[PDB]
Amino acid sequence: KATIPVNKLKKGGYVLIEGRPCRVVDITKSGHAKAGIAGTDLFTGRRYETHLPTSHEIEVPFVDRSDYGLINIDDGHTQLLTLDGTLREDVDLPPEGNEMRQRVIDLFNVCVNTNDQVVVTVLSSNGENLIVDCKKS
């Protein structure tokens, strides 16, 4: 459990609010010493907000953004090759309604019989994984 003093928070830092990893977008401060923190959920874009004592600390989530080679897609699951040479099978395609789902399927199909490979960018935190970009390699 990594923490930062609330009084050391900056806009753009990462915090956990209601279990959600967020980028800080606004910090308000008040003998009384209380703070209001608003953030953007790194996966869904939703606004979250919390109020804690300024003296206190707040949890900072670990968030990874890495690139992988897309080996297969099957029943909505992906098989990915890390840049260090191992497979991961816990990343699904983005959900229906996220246009990235079609973008990844289509780029995979453009590449499947060619000497190019799709590279996906995956955002990961606390067991949640989302494909946030794709490009040709």
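Note that residue numbering follows the sequence shown and begins at 1.
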| query | finding |
| --- | --- |
| Continuity check for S30 and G31, given as deposited residues lacking coordinates between them | 4 to 9 |
| Stretch with the higher entry mean CA B-factor, where the candidates are 32-40 and 60-68 | 32-40 |
| 50-58 set against 84-92, stretch whose average Cα temperature factor tops the other in the entry | 50-58 |
| Where the record places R101 (Cα B-factor, split into thirds across the chain) | lowest |
| Relative C-alpha B-factor of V110, binned into the chain's lowest, middle or highest third | middle |
| Third of the chain's Cα B-factor distribution that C134 belongs to, per the entry | middle |
